[PDB]
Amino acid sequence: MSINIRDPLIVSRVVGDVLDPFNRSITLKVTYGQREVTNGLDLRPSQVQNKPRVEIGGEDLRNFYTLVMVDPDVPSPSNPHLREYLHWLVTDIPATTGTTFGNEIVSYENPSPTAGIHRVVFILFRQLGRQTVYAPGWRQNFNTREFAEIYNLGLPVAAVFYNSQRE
């Protein structure tokens, strides 16, 4: 068939629940301690207690990127009425650098799921310009599609997710 049925972002419903279809075009590497996040990797809450290191690609150093980190499975995947929970929001990340050079306008909150296996999703967007993104007023019931529309973030240029569950 011509339709992709195997991409982990499709199989997990990250594309669907959270994201529209998009083309990966910028590298994104998220590392918790020594562990690089790969799609569907299981990480325990102790492993993600502190913010990860985030390195991004890009070829035009003039460009700025926003990183969104959300849990769509809140409070549980079977009753996700708080979808999405915003764990982290970092803006103005210069191309080819990472979140430490960006503005962490919603601080990292470490995941601590207490009901089921939760997807924890990192999404990178190219900004229209520096300083164009503002914070939401709340972390629960966040909506990445709506936020991206409001702040002219277009479609993702990269995304990856891990799975986490209570120990």
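Don't overthink the numbering: it's just position in the shown sequence, from 1.
- Annotation for 134-142 versus 112-120: the higher mean temperature factor (C-alpha) is found in 112-120.
- The PDB entry reports B-factors from which the mean C-alpha value can be compared for 84-92 and 71-79; the larger average falls on 71-79.
- Residues shown: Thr31, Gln127, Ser107, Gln49. Highest C-alpha temperature factor in the entry: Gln49.
- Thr66: CA B factor in the lowest third of modelled residues in this chain (values from the PDB entry).
- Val11: CA B factor lies in the highest third for its chain, per the PDB record.
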